[PDB]
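Below you will find one chain, with nothing else, as structure tokens; this is the form deposited in one PDB entry, and questions on how it binds or moves follow later.
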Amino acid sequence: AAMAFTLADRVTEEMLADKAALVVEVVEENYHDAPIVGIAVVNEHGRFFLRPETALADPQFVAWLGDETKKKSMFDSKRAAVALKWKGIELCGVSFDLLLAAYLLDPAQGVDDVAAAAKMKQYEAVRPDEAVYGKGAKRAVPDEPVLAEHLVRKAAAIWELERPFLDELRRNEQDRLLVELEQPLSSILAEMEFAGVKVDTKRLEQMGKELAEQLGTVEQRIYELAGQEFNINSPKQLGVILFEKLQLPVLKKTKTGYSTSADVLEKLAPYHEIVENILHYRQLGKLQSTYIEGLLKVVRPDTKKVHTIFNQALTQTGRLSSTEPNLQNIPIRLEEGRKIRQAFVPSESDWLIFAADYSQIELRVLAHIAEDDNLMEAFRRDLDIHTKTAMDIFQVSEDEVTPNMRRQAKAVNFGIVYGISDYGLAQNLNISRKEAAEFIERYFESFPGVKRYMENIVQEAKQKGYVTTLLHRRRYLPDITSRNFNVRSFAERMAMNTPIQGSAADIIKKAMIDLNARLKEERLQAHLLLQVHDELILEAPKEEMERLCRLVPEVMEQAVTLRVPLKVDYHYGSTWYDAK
């Protein structure tokens, strides 16, 4: 059963062929400045295992790594690329990434290691990473003999699986999506994570101090109003105080005890002064624990930068996700939380933060795919889409649209952009399900194209078994045929929503690639720092702002050509908060 391979003590020319499966193993989940525990190379000349201290110190090996003409096939090349960036080594020539290939073929499979991908093609001569490294506290790098065989088997699997994976992608008409979009994007994300974002820790620490003070104040007030002290953070104890001791009404139940979510508390506020204080306590606590303390934990003391990791092969819609820290969910809606963004600053003196965001890309994509005459005309006129929606569903003139009418029309659009359930809408409008469905009915009368699209896409999902995005990303929806109403309804919502969310993801991804090509052609020092679904955040010398103001929006707006224009707004300032 054992797999043959050479445990090399030195690097040989045979190991530097122009085509090979390459494994540069980084076991630590966060690969930033992390160790490379071993190297495996599989090519036409055989299978080899190399100790990192040796390989990475060899001029020839390093040169082979950085030679774009020497093609490598890998699994999660970004992990290797970044780990190597921290060591000052450039990785080039990656022509195939099995992780991204598996992700495109079926995001739902949840492929996170070579074994999971190989299993898709009935290849099982390789162990799951968790089985070799263990999990959690018991996690550890095994002895060399065990380590080396694992890495060689992973390289071997990649070597064998490249062809079948590429062939299926071609059949799915997704080979260009891999080769021209995701793989090039992987290199861009690597540069972004490696660059990182500078943090004003002093500012964060001072905010933390002020929060602790307000938190202590509110906390005492809460005990005062409750007549005793308790753990405000335990839904259990909190429930006893609110619903038992204070006799507040139970408007919502939970599969445990009482519900204490913000939306529930807001409704209870009129009954007792303790409620508003609990709401306020949570607001501050969220900022303190999750953002202030959470951010300070991951900032690198030597550079005062945070280096997020963009998971490129996770979401079911084609979006990226961000972790340790998650820089895609920094507060902005409420002013108090928004202030957190003042802590994110340019990495160089006299540089500024520049942010560009698509204006309603999801609804513009919807107008395009549904070919709805009314919605397309609205965007061609660059109308306020919520006011316009209110005018149509309520049958009134623009001057007749009240603030509440626009708010509810906006809730309807928010529901369509995110594919929320009918139940989620009724509450967002704080009305009855019967009345909610009635709003949707009026919307379809005003946007019959959107109606037809929703009906047609659900039918297509059932027929083909999946739905696709503009650039051919796909999502299988097996629940679309379920006889369970709730399970089927969810699948139907995804059939409608994935082409919208997924196409928006495809577009901004291509925009990033197009943008980097333009920045290079122009020799601008500006560079991408973050992507937050429908917006790109960069930093650059103050002297490049005027040029970026014209270049970034244009590139983002021209990434793709739709039946309606794409519109991008932009701002810049001394901190992220200022890049309004």
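Residue numbers here begin at 1 and follow the sequence given. For the two forms, the rigid core is made up of the largest set of C-alpha atoms that agree within 1.5 Å on superposition. Only residues modelled in both forms are compared.
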| property | result |
| --- | --- |
| Stretch with the higher entry mean CA B-factor, where the candidates are 459 to 467 and 274 to 282 | 274 to 282 |
| Entry-level comparison of average CA B-factors, 391 to 399 and 151 to 159, reporting the higher stretch | 391 to 399 |
| Out of 336, 357, 106, 324, residue topping the C-alpha B-factor column of the entry | 336 |
| Candidate set 569, 13, 557, 25 [ranked by C-alpha B-factor, highest] | 13 |
| Assigned third (lowest, middle, highest) for the C-alpha B factor of residue 57 | highest |
| Relative C-alpha B-factor of residue 384, binned into the chain's lowest, middle or highest third | middle |
| Position of residue 260 among the chain's modelled residues by C-alpha B-factor, lowest, middle or highest third | highest |
| Modelled-residue ranking by C-alpha temperature factor, third containing residue 423 | highest |
| Residue 85 by Cα B-factor - lowest, middle or highest third of the modelled chain | lowest |
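What follows is about the form deposited in another entry, which we do not show.
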property: Sole member of 86, 394, 123, 418 with a C-alpha shift of at least 2 Å between this form and the one not shown (core-superposed); result: 418
property: CA-CA separation of residue 324 and residue 420, closer or farther in that other deposited form than in the form shown [shift of 3 angstroms or more]; result: farther
property: Regions shifting between this form and the one not shown, defined as 3+ consecutive residues whose CA atoms all move 2 Å or more relative to the core; result: 417 to 424
